[PDB]
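The form deposited in one PDB entry is given below as one chain in structure tokens.
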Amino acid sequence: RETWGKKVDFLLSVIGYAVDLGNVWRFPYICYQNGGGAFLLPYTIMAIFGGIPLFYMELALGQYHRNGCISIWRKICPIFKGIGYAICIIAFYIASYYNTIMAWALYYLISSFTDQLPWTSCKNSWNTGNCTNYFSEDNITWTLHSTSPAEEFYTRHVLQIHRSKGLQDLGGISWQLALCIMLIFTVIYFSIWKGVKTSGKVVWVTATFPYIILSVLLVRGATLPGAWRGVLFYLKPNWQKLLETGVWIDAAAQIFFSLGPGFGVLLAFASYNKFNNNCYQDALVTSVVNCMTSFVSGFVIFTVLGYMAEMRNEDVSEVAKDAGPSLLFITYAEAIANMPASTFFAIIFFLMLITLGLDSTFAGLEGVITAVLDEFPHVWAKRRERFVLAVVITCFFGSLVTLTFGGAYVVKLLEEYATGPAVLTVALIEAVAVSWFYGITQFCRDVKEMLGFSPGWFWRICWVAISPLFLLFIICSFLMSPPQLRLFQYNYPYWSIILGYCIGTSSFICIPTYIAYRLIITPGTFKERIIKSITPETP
């Protein structure tokens, strides 16, 4: 086993894992659609109820047993060993669209290396059609079919989505995005080449630039005409909509996929920690840091929105209707092209996006690699770099389908379905296992003998009452509500829902298959097999 080394390494790695690309455009948007200033209370409630205890439990499991995601079950619950393969499949499905969004951001950064930004005027080969929507104009030329040159640069030059008719017509592959994905994957391979020490060394700088970048973005957007409108519209308490459950479900899913428990990353990260560490303080600090980073990201996004609304003389909640990764590459691109320092600020913002994506990518890939290597110790002598290269090649082959012209449809499909009930039921199975199958008393005794004190009664009752019920509530809310996805001028067909359900079930289906395999492979009667499937084996 290898040691993290310095204390800052593990903290920076967990911070870069928690602070992802999702919390910069999705969190402020769903906070706007859900109350606004009144969205903070349910956010922190759902956090302290089901994201902080899960984070603490996962960190304690990773630090105590010192294993990945396939060998911990060998020590707590052998019947739930398929969670490792489920985590691998989920992480591959996530890494596909994550790396393709990283490639989009890298291509934007490369195209933002000129004096004049290419998404500024409507004189290019990609800015072809409707271009009445502009900035710094007294004439009000409003059209129901109009658009902006930035959306044309995004959808016709970067994505080239006009060369496809939807999910049913996927043809051609953009070579520029392919080269961007290749360069990004080489960077990833060189970042987790040797092991966790080089990963921490790259995170030391990759997880630090976004913070000063957000500081610069805040001090720029604060000194903009009309940002106060966006500020007061983001911090507008609307308790009338808080009566429904949709705001609660959105806040719960947001804090879950932001903190990221049950993804198989915290276990491997804490596997290298020392036995005399303090995982509670680390978990609390990283959770508060991720929450504050989400807050500042929403703040700068809404200041940009308010400045653009003031300079456009248009009400809020209409300039950024479309969600997804396009929100940034359209709205923030227009705002930067409107700013005097366009090239520098665009380069800075795209470097921030690249670093935020790379942090989570490194975290997930290292977690998967550690989970696989902890299960098969015989492939750790002279197969580490080979397995890392194989994982990178598999991720590249999985993202190749999203790197097409109409690939953005598959990207949204993966971002909306892979981040669905699969991770939720994985975390639920883990929680109920540690609670009943492994025993909450034994877990508390392990936490006491590891740190030096047992956790308070709050976490003890929470892990057994709230977090499993909270995850089950999210599951039953996501199951009976099929998402109605819609990209730019395209409604998803009915078979898209079936494909999303299939790709979300194929990752979860590993657990019951492994349960059946374990129940058949061991001799004895039924109850004897059940008993043998819960009690851990001898070391």
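Just count from 1 along the sequence shown to find any residue number. Each form is matched to the other, and the largest set of C-alpha atoms that superpose within 1.5 Å is called the rigid core.
This protein has a second form, the form deposited in another entry, left out of what is shown; the following refers to that one.
- Put simply, after the core is superposed between the shown form and the other one, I140 is the one residue in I140, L389, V285, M182 with a Cα shift of at least 2 angstroms.
- Superposition of the core reveals a Cα shift of less than 2 Å for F376 between the shown form and the other one.
- Three angstroms is the minimum change: in the other form, the CA atoms of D138 and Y234 sit farther apart than in this structure, by 3 Å or more.
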